[PDB]
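Descriptive analysis of the structure
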Amino acid sequence: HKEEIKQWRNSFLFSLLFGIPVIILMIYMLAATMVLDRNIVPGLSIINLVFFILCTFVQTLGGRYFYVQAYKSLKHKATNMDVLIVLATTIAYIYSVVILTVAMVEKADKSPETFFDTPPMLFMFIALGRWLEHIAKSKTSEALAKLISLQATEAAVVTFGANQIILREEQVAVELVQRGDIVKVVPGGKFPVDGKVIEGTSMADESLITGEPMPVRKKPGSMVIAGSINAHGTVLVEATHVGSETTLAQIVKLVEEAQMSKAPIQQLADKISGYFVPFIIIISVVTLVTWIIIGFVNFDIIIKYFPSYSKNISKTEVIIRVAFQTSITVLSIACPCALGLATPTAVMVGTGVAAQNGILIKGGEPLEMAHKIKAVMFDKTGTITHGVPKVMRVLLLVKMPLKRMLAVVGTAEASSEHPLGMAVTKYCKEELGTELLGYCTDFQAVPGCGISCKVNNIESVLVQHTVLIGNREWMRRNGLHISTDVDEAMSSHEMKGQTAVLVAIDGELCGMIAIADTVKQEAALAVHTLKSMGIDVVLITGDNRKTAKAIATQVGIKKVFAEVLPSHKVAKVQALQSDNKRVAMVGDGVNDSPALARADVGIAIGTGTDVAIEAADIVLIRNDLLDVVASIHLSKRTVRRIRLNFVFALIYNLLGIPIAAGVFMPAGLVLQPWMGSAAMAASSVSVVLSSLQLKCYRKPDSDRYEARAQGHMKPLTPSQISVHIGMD
Ligand code: ALF
Ligand SMILES: [Mg+2]
């Protein structure tokens, strides 16, 4: 892609260098120049020779890549802008050279009129437009490198066995590791290869596949996923899949396949030129033939509207030459130069607006593509709901203040590393003055079982004796019975997908605390607005079906897909696309990266993983869900403006075609030399300024979206929503 930009820039610069003198010379000639009209030889004038040299240099240098691209397009059996420019400029230059040569041969008193100015202007403007287009198209795709970065570079190979014979611990590159070997994973170290845990117990973070941050208990006989983050101890892994067979390698393969699947999109300029080229050829040929017929039938019109009859040449020569001149004048006038600037400029401007609005759009494709979206897929964790777990409700199970118990639990749970424990501690701190945690505290934890602590610093809490935190099994083994009402409340909490834990003091049940992810404030409104616009909303997630169903009910999404693996997301996106719907994937995780790449438009939350940002084409820096709606609206406006730009690129030149062909000659209007330049000034500017107008866009207020949905919005019922587990 770099070569295209470099060569287009070189062509544009050469066209500038060898055409700016051409344009300035023609402007000076139009303004008034006797010396310029002076002839070295009767056929050729000084001005004509200068124009010939300059245009020859421009076409030889500026037009080289134009010629190559036109030939390549012809190989594809397609007529595009390059073919139009090459054909028209070559015809004009050949005709100018031929007329100059024949005038020199005939030693005519006055040099003929030449069209040497046309090729330089067309080349300059078209090269500028295509260069801007290629600047816009260029994008950086580092998702593959980010995925490779996840994989562990080195692994700890073990020798002999883990029971009673062990000799050495050595370090081997991950690639050299082979199946059947036993490796060691230290706490906080990456999992090198897929395998089974042997003689080790720990906790592994597996956000690569499932996407959630909740730690996963790993015990002997369990399976580990390469790239998962180990902690809580040292583990030994017996390899089962290595290298490409690893799940991370499969995700990389899916991402690269999705990236390669995307095909180039034909620009509207090429589509317009495809029709224009036959049209321009047809009108030129019609003008030539009709002018020849007019000259032959009467020949009085030719004399009246042209001075070439004064020449000593034969009348047939006069009519043929004037017909050719008029046809080629129509050909020159018809060609639009501003066409290349129609789509690119606006695109860039739109991108800038997005940058001002907190939406980072990479390339021009997302802006041209978002308005066609008919379905949007939302991830659950991070996208629809905050990833961090937060406390929802605390209940009291002799009658001591709730804030005191919360402070006591926070002191007991201060050293807890589990996300739920730290969430409980932060909630307690927020509720309390939280000037400082209790100095005196004794802590003991049995993993997956519960925590027992001794706190004798309740005086510190009051200024601002045993604590036990546990689940059902903790109470059952300790002998504490569970009441029917507390059991029902805990079961209701479990049904909603919110984890509940119980606090007891001095062997007596005291309270219960529930923790769950909180749906974003704008999630419900964004979903409702998307549904109102006619875009289907699908909630696809790898989290447990209960929590996914609860979140969908909260945010009012009818279709729920739970326990979805990364490949299943891509499969769903592919199916939706095959349904002729255009799918936008909103994800902020590694598992979502292949879906984002395959999805027509990938929107990545600003706080998402780096790979998710790289794979996605649109990034929400302001991490606001409603922006997804706004991103659509902007796209709409952009495309509309683009279409309008094309009108400004064509209308003026079209108005010239009737004049160039002599339609208005009886009225007394004939094409003038300045017109050919003037339209180009009128068209190109009329395009660029129009694109600049896109800067006036302002985001609609969220209050407007809520007002449009003030009464239409209504919460869903749990029974209505449907839940699907996996692709099968
Ligand atoms: F946050 Al997910 F699958 F639930 F990427
Ligand atoms: Mg996520």
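1. Some details on the overall build of the protein
Assigned secondary structure in the protein consists of 25 helices and 23 strands. Since a compact globule built from 728 residues should have a radius of gyration of about 27 Å, the 37 Å found for the protein marks it as more spread out than a globular shape. With respect to the three principal axes, the spread of C-alpha positions in the protein is 125 × 70 × 50 Å.

2. Concerning the UniProt feature "binding site: Mg(2+)" (unreviewed entry) in the protein
According to UniProt, the positions carrying the feature "binding site: Mg(2+)" (unreviewed entry) are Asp379, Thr381, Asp588 and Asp592. Examined against the element boundaries, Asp379 turns out to sit in the loop between β11 (375–378) and β12 (390–396). What makes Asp379 buried here is its relative accessible area of 5%. Dropping the residues within four chain positions of it, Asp379 is found in contact with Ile384, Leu539, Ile540, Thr541, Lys569, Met585, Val586, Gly587 and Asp592. Looking at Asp379, its side chain comes within polar contact range of the main-chain nitrogen of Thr381, at 3.1 Å.

3. Some points on the environment of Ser702
Note on placement: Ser702 falls in helix α25 (residues 702–708). On the basis of relative accessible area, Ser702 is assigned to the partly exposed category, the value being 38%. With 180 residues separating them along the chain, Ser702 and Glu522 place their C-alpha atoms 8.7 Å apart.

4. Points about the coordination of the magnesium ion (ligand 2)
Within the protein, the magnesium ion (ligand 2) binds to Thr381 (O) and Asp588 (OD); these donor distances fall in the range 2.2 to 2.4 Å. A relative accessible area of 12% means that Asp588 is categorised as buried.

5. Observations regarding the packing of aromatic side chains
Taken as a whole, this structure holds 13 aromatic pairs when the rule is applied. Taken together, a centroid distance of 5.8 Å and an interplanar angle of 75° make the contact between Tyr93 and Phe116 edge-to-face. Of this pair, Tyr93 sits in helix α4 (residues 81–106) while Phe116 sits in the loop between α4 and α5 (118–137), and the two are 23 residues apart along the sequence. What makes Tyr93 buried here is its relative accessible area of 18%. Accessibility expressed as a relative area gives 1% for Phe116, which makes it buried. Through a chain of ring-to-ring contacts, three or more aromatic side chains come together here, namely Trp8, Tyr65, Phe66 and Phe123.

6. Let's talk about helix α14 (residues 419–431)
For α14, with 13 residues, the first-to-last C-alpha span of 18 Å sits near the 18 Å given by 1.5 Å per residue. Of the positions making up α14, those classed as buried are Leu420, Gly421, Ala423, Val424, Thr425, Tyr427 and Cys428. Lining the buried residues of α14 we find β12, α13 (402–412), β16 (499–505) and β17 (508–516).

7. Quick word on the nonpolar core
Nonpolar side chains in soluble globular proteins tend to end up buried together. Judged by nonpolar contacts, the single largest core of 51 residues is most densely connected at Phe66, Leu84, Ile85, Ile280, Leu339 and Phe646. The element that contributes the greatest number of residues to this core is α5, accounting for 10 residues. Here this core spans two domains, and each of domain 1 (1–138) and domain 3 (265–358 + 631–697) adds at least three residues to it. Among the nonpolar cores identified, the runner-up in size contains 42 residues, and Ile373, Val537, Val555 and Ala630 belong to it.

8. Topic: the site of ligand 1
In the vicinity of ligand 1, the contacting residues are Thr210, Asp379, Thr381, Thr541, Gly542, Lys569, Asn591 and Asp592. For the shell around ligand 1, the per-class residue count stands at no nonpolar, five polar and three charged.

9. Topic: the packing of α4 against α5
Interhelical geometry of α4 versus α5 gives an angle of 165° and a closest axis separation of 10 Å. Between α4 and α5, the angle falls in the class roughly antiparallel. The hand of the α4/α5 crossing is left-handed. Here α4 contributes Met81, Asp82, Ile85 and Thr89 to the contact with α5, which in turn contributes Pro119, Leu122, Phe123, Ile126 and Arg130. Residue composition of the contact of α4 with α5, grouped by class: six nonpolar, one polar and two charged.

10. Examining the sheet that holds strand β5 (residues 202–205)
On the basis of which strands lie adjacent, the open sheet formed by three strands has the order β6-β5-β8 and antiparallel pairing. Each of the sheet's edge strands pairs with one partner strand only, and the pair in question is β6 (216–218) and β8 (229–231). Ignoring which end each strand starts from, the neighbouring axes of this sheet average 35° apart. Pairing geometry for β5 and β6, over three bridges, is antiparallel. Following the sheet pairing, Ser202 is matched in β6 by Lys218.

11. Things to note about the pattern of salt bridges
Here the structure, examined in full by the defined rule, presents 15 salt bridges. One salt bridge connects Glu494 with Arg472, and the closest N-O pair in it is separated by 3.1 Å. Placement of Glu494 in helix α17 (residues 484–495) and of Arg472 in helix α16 (residues 472–478) is noted, with a sequence separation of 22 residues between them. With a closest N to O distance of 3.6 Å, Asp627 and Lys699 form a salt bridge. Taken together, the residues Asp627 in helix α23 (residues 627–660) and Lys699 in the loop between α24 (673–693) and α25 connect sequence positions 72 residues apart. Given the relative accessible area of 2%, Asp627 is considered buried. Note on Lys699: relative accessible area 26%, which makes it partly exposed.

12. Focus: the domain arrangement of the protein
Parsing the protein into structural domains produces domain 1 (1–138), domain 2 (152–245), domain 3 (265–358 + 631–697), domain 4 (373–385 + 519–630 + 713–725) and domain 5 (390–516). Between the C-alpha centres of domain 2 and domain 4 the distance comes to 33 Å. Counting from both sides, the interface comprises six residues of domain 2 and, opposite them, eight residues of domain 4. Counting each side, the surface lost to burial between domain 2 and domain 4 is near 510 Å², with a carbon and sulfur contribution of 55%. It is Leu208, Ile209 and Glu212 in domain 2 that bury the most area against domain 4; as a group they hold 73% of the surface buried on that side. Counting the contacts that link domain 2 with domain 4 gives zero salt bridges. Taken together, the links from domain 2 to domain 4 amount to three residue pairs in polar contact. For the side of domain 2 that touches domain 4, the residue count by class is two nonpolar, three polar and one charged.

13. Comments concerning the pairing of strand β20 (residues 583–586)
The side-chain alternation of β20 yields two buried faces, one formed by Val583 and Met585 and the other by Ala584 and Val586. Inspection of the sheet shows β20 paired to strand β21 (residues 601–605) by three bridges, in the parallel sense. Paired with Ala584 across the bridge in β21 is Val601. In terms of handedness, the path from β20 via helix α21 (residues 593–598) over to β21 forms a crossover that is right-handed.

14. What about the pairing of strand β15 (residues 466–470)?
Burial runs high along β15: four of the five residues are buried. Note that strand β14 (residues 450–454) and β15 share five bridges and pair antiparallel. Residue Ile451 lies in a different strand from β15, and its bridge partner there is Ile469. Looking at chain direction, β15 and β16 are connected through four bridges and run antiparallel.

Conventions adopted
- Residues numbered from 1 in each chain as written, not as in the entry; some residues may be left out.
- Chains lettered and ligands numbered in written order.
- Heavy atoms only, no water.
- Residues with missing side-chain atoms left out of burial classes, pairs and counts.
- Helix = DSSP H or I, 4+ residues; strand = E, 2+ residues; numbered from the N terminus.
- Rg over C-alpha atoms; globule rule 2.2 N^0.38 Å.
- UniProt positions renumbered as here; feature names shortened; annotations may be inferred.
- Buried < 20%, exposed > 50% of the residue type's maximum accessible area, 1.4 Å probe, protein only.
- Contact = heavy atoms within 4.5 Å.
- Polar contact = N/O pair within 3.5 Å; in protein donor to acceptor, adjacent residues only side chain to side chain.
- Donors = N, O, S within 2.8 Å, 3.2 Å for Na, K, Ca; no water.
- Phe/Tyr/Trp six-rings, centres within 6.5 Å; stacked < 30°, edge-to-face > 60°.
- Expected span 1.5 Å × (residues − 1).
- Core = buried A, V, L, I, M, F, W, Y, C linked by side-chain atoms within 4.5 Å.
- Domains from an automatic or database assignment.
- Near = heavy atom within 4 Å.
- Nonpolar A, V, L, I, M, F, W, Y, C, P; charged D, E, K, R; others polar.
- Axes fitted to C-alpha atoms, helices over the stretch in contact; angles between N-to-C directions.
- Parallel < 35°, antiparallel > 145°, perpendicular 65-115°, else oblique.
- Left-handed = near helix turned anticlockwise from the far one by under 90°.
- Pairing = 2+ DSSP bridges.
- Salt bridge = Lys/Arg side-chain N within 4 Å of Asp/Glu carboxyl O.
- Buried area = accessible area lost by both parts, 1.4 Å probe.
- Right-handed = clockwise from strand over helix to strand, strands pointing away.

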